[PDB]
Every structure is written in C-alpha cells, then in structure tokens.
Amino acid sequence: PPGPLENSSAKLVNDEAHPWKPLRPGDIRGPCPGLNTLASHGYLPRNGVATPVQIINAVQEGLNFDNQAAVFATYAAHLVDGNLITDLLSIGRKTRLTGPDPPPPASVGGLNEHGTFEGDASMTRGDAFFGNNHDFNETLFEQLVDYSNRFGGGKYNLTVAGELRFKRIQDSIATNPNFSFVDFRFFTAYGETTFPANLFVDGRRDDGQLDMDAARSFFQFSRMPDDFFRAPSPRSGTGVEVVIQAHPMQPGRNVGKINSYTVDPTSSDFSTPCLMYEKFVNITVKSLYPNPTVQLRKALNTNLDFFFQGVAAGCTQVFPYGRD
C-alpha cells in the first residue's frame, strides 16, 4: 500500500502523457466520476480494471486525493467488490478480467455491485431500484445545476452540497420502496458530496467553487477540463461537517414501501465511526466470506490490515478470522 505523494503541489495533470480518449468497446466505467476520469486520462488502466496499488497511486497523482481516504475507499471496495486472489477490482461492472471467482456468496461484482459499497441517493446516478445505478443521469445533473444556481451563485460548493444531499435523500424516500441509508452508505454519502468542490476545482484557484462546465466534463464524460491543474495539496472530505449540519438526518430505511422511512437505532452514524468499521468487517465482509480456505483467509487478513490503516477515526482492530 503506497504512502503519500513525494511532492504534492498543484501541477497540470491533463497533460501530454495523460490525454483523454473515448471509450473503446469493453472499457469499463462505473458510478465514480473520480475513478472514471482517471481511467479515461490513463492514470488507471484505460479498461477500468486495476490493482489496489494502482488505484491509490492514480488518485493521489491524478487528483491529489489524500492517502488515508484513498486507502480506506480502495481496500473497502476491494474487500467487498474485488478479487482477493488476483488482487484486481473492476471500477464498474462485474468482468471476467478479474479472474476465477471465490465461492458464493462473495459476488466479486465490481463497483457497480449494489448494497456493498455503491448505494442509494447518489447525486448524478439513479438508485439501483429503478434499474441503472452507474450511468450518468441527465435529469439528476440538471437538478445539480438548478441547486447550483439557487444556493451557489451558479457554482457547486459545500452550501449546495448540503442542500442537494438532502433533496436526494428526500427524493429516494418518496419513490424508492427499497431505499436504504444505514451504516457504510450513510457514512460515505455525505463525504462524496464534498469531493467535487474539493478536488474537481482547478488547483491554481482552489476556492471550492466548481463551474458547471467543469462539473459536466467530470460527471458525464470522465474528462478533465483543458489545462486542468490538480489541487495544491492532498485532501479528500474537508468540510463534510458543513453538509451534515445543513440538514440533520438519522440513519434509516424505507420498510418495503415508499414514504415509510424508519430510523434504525442499530445503525452507526457520525458519532460512532468504529461501530461502522466493526459492522463492515464483522458482518459485511464476513458474510461474503463466511468460511474461507487457507489461501483466501490469508488474502482476506492482509487486505483487512490495509483497510484498518485507512480508517479515519483510528479505532480498535477487529479480527473476523483470528490474528494467526
């Protein structure tokens, strides 16, 4: 697992060695505009299948994503969505490129796999319930623009993030009878809304105000603006507290029908990051791998260790298969 950038100042990353290209048939793109754009500028394999080490070097070098967040997000995703023997992860749909599957109920389903990492009330993608959880959706993007106009002076910023995050949750509650918003997804849904203001903003300026042309380029086409400079120093979810505090929300879920959102008092929330860590490892990962062979157990323990090092709140390490 790579350490932080050696030299992490702003610099042009839309450069000569990293041109955008269109998708070839077979090139895999998914629900993350950050990984998508990196793949499309060749910071990641252009076909969208990568090792964890590759994804981490790419997000730091391409966009100056900080090391702790890159390590948390990448090994969390690899544990639930990736192939632990081959050490590969698809950034979108399940693919044979990741090699021979483990036994069920592990899915190795790529970032597109619903319920594991990816989840509901995304900004520019529709819920899995309605059929397609990974393609750019134009109606939701035009909503992001609207809110930018109304709260951001035409630009996306943390204030807009706060408003739209809530709007999307409300939208899901009213329309999605499967709406779920607990645990891992509750956590990551709020930190994602800060990323575009933090990281899609040209680094020479770095003033957290994202223009709509830049926003469309990343979200829709996986493409950096012309002459794009990365952020002037490493960061990820700075300001998430702005987005949480705008519209206080307790973790919960619709119960088999629309508008039935019911708080779940067993879910972690922001005051309990280590319950969220423990349930991810001790319930989510453990249920995908309830009885691993010696070889799989050893791959699981190595990735669980690397995952534990990226956990922002620190926490106490949990061992689903033992320390041995």
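Sequential numbering from 1, following the sequence displayed.
Student: Which is higher on mean Cα B factor in this entry, 311-319 or 6-14?
Tutor: Taking the mean B-factor of the alpha carbons in each, 6-14 is higher.
Student: When the C-alpha temperature factors are averaged for each of 256-264 and 270-278, which stretch ends up with the higher value in the entry?
Tutor: Between 270-278 and 256-264, it is 256-264 that shows the higher mean C-alpha B-factor.
Student: Reading the B-factor column of the entry, which of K167, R150, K94, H134 has the highest value at its C-alpha atom?
Tutor: That would be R150.
Student: Checking the record values for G26, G48, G62, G34, which has the greatest CA B factor?
Tutor: Max CA B-factor in the entry, restricted to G26, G48, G62, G34: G26.
Student: Looking at the C-alpha B-factor of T74, is it in the lowest, middle or highest third of its chain?
Tutor: For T74, whose C-alpha B-factor we compare with every modelled residue in the chain, the answer is the lowest third.
Student: Report the third (lowest, middle or highest) to which the CA temperature factor of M123 belongs, ranking only the modelled residues of the same chain.
Tutor: For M123, the deposited C-alpha B-factor lands in the highest third.
Student: Would the CA B-factor of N57 place it in the lowest, middle or highest third of its chain?
Tutor: Tercile = lowest for this residue's CA B-factor.
Student: Grab the CA temperature factor for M249 from the record and place it in the lowest, middle or highest third of its chain.
Tutor: It belongs to the highest third of the chain when residues are ordered by C-alpha B-factor.
Student: Going by the entry, which third of its chain does the Cα temperature factor of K155 land in?
Tutor: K155: CA B-factor falls in the middle third of its chain.
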